[PDB]
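I have placed the structure first, in the form of structure tokens, so that the comments after it can refer back to it.
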2 protein chains.
Amino acid sequence: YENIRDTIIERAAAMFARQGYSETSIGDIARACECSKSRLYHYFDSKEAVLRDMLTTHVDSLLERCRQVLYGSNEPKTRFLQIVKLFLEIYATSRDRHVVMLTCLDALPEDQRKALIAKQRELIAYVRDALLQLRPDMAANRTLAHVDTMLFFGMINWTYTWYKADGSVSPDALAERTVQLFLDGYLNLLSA
Amino acid sequence: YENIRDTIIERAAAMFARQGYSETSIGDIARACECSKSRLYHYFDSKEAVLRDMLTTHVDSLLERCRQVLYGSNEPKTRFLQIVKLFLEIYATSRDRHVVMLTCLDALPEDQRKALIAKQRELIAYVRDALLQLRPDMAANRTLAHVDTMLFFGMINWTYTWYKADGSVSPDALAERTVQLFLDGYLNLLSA
């Protein structure tokens, strides 16, 4: 039943993202959907199943949307900026599930953790490769290519701790700023 | 007793940083110091007291060391690079307590959370102000000054998720790279 399913997922995501996974019980979820503990197991076998599903659909979505961006523009600089705007858009729309991705992966077992870690590596690879399309002269040094990519991810992944998507600075404005800073540097940024 | 005190703190920091705060019990700590649950309360009143103390001494240390850096060099570009090298040095030496700062603040009540949040704001202020000493022309826009500062923090604070301080790239090398990228941009970075 694809309606009540997503309410559980929706309501669980919110709790896992405030108090966290170990803090949130199956009972907590049951009564957040204003429901009995029984009716949850009609859709999910475990608390881990709820988590595994929301993480899976979320990274799967991010990967597909990245691909559409990749397969769209001709120009490397445009594709890169579009990828960053996508990630921040997904924050603006899907903050809870985003935070849970960035925060809750360890709560899982080993096989599914690593299936999801594999998907996160795909996503990282897309960004790394798009950066090296801007600087093909830098592709020879894989060590520093990984460093530069992960420093970039830090800028955007840390946003959940401080950034409010309904504030003065829009997701698109933040993305443009992030790219101008990362590509061209704080010291060359035009001052209004 | 200032000897056994720090073992508790040391051993607790390690557990809070792997499995987390709610996951780690007072019993877990008692037996990590290969000890009875009684002897912990000789030094600490609560699990929260253990946490509050390690967070307090850690942010207090970071603040003092930042000040020594600030009061040292004449040149803004040097002071900024020295601040980043300091933060990454503290990761190389104090990873566990660092992760716990970046990760566990919410496990606390309200008054002490906000005393510590206030100290984190001081630290952020040091970095913001040092950036605006590089670009005084940008100090007029406080909104974007906060955005640029927090994007910077993301690069360095996200390191706990991916960076190994005993690897190919040293803490000082990572700091130099982070600063070159942030100040001068990915597109102007010299390629070996």
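Here is how names work: the chains are called A, B, and so on, in the same order as the sequence lines, proteins then strands, and each is numbered from 1. Note: hydrogens, waters and symmetry copies are ignored here, and every other heavy atom, side chains too, is used.
- Using a 4.5 Å heavy-atom cutoff, the side chains of A/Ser73 and A/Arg79 are in contact.
- The backbone N or O of A/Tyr163 lies less than 3.5 Å from a partner atom in the side chain of A/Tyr91, making a donor-acceptor pair.
- Contact between B/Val169 and B/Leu174 at its shortest, heavy atoms only, is CG1-N, 3.7 Å.
- Side-chain N or O atoms of A/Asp60 include none that pairs as donor or acceptor with a backbone N or O of A/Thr57 at under 3.5 Å.
- The existence of a salt bridge linking A/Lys77 and A/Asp184 is confirmed by a sub-4.0 Å separation between a basic side-chain nitrogen and an acidic carboxylate oxygen.
- Residue B/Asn3 qualifies as enclosed at atom CG: its count of foreign heavy atoms under 6.0 Å is above 12.
- Taking a cutoff of 4.0 Å between a charged side-chain nitrogen and a carboxylate oxygen, A/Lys85 and A/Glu176 qualify as a salt bridge.
- Within a 6.0 Å sphere centred on CD of B/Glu34, other residues, nucleotides and ligands contribute 12 heavy atoms or fewer.
- Looking at B/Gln112 and B/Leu108, their side chains come closer than 4.5 Å, going by heavy atoms from C-beta outward.
- Of the possible polar contacts, one joining the B/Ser191 side chain to the A/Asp137 backbone as a donor-acceptor pair under 3.5 Å is found.
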Quick one, A/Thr143 with B/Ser168, criterion side-chain hydrogen bond (donor to acceptor under 3.5 Å, both in side chains). Give me CA distance, side-chain angles, the key distance, then yes/no. CA-CA 8 Å; A/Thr143 302; B/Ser168 286; 5.2 Å; no
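- Looking at every heavy atom in both residues, A/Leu123 comes nearest to A/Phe87 through CD1-CZ, 3.5 Å.
- Formation of a donor-acceptor pair under 3.5 Å by the A/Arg31 side chain with backbone atoms of A/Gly27 is found in this model.
- Between B/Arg18 and B/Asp96, at least one side-chain nitrogen of the basic residue sits less than 4.0 Å from a carboxylate oxygen of the acidic one, meeting the salt-bridge criterion.
- Checked by atom type and distance alone, the side chain of B/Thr78 never pairs as donor or acceptor with a backbone atom of B/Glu75 at under 3.5 Å.
- A salt bridge between A/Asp148 and B/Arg177 is present, with a side-chain N of the basic residue lying under 4.0 Å from a carboxylate O of the acidic one.
- In summary, the aromatic rings of A/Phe80 and A/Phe152 are positioned with their centroids under 6.0 Å apart.
- Between A/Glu10 and A/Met54, every side-chain heavy-atom pair lies at or beyond the 4.5 Å cut-off.
- The side chain to side chain contact (heavy atoms under 4.5 Å, CB included) check on A/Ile26 picks up A/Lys37, A/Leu40, A/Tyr41, A/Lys47, with sequence neighbours excluded.
- With respect to A/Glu2 and A/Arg5, no salt bridge is recorded, no charged nitrogen being found less than 4.0 Å from a carboxylate O.
- A salt bridge is absent between B/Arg113 and B/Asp106; no separation between the charged side-chain nitrogens and carboxylate oxygens falls under 4.0 Å.
- A/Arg95 places a side-chain N or O within 3.5 Å of a backbone atom of A/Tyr160 that can act as its donor or acceptor partner.
- Here the side chains of B/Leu183 and B/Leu131 are in contact, with some heavy-atom distance below 4.5 Å.
- Using a cutoff of 4.0 Å between basic side-chain nitrogens and carboxylate oxygens, A/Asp111 and A/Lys114 are not scored as salt-bridged.
- Between A/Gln133 and A/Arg128, the closest side-chain pair of non-hydrogen atoms is not below 4.5 Å.
- Remark: side-chain polar atoms of B/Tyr21 are not paired, donor with acceptor, to backbone N or O of B/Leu105 under 3.5 angstrom.
- The residues B/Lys164 and B/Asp166 are annotated as not salt-bridged, no charged nitrogen and carboxylate oxygen being separated by less than 4.0 angstrom.
- B/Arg11 places a side-chain N or O within 3.5 Å of a backbone atom of B/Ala32 that can act as its donor or acceptor partner.
- Remark: the backbone N or O of B/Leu62 is not paired with any side-chain donor or acceptor of B/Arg67 at under 3.5 angstrom.
- Side-chain atoms of A/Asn141 come within 3.5 Å of backbone N or O of A/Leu144 as a donor-acceptor pair.
- When all heavy atoms are compared, the tightest approach of A/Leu189 to A/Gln180 is CD1-CB, 3.6 Å.
- Across every non-hydrogen atom of B/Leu63 and B/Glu122, the tightest pair is CD2-CB, 3.7 Å.
- Side-chain atoms of B/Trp162 and A/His146, non-hydrogen and from C-beta on, do get closer than 4.5 Å to each other.
- Considering only heavy atoms from C-beta on, B/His98 stays 4.5 Å or farther from B/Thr93 through its side chain.
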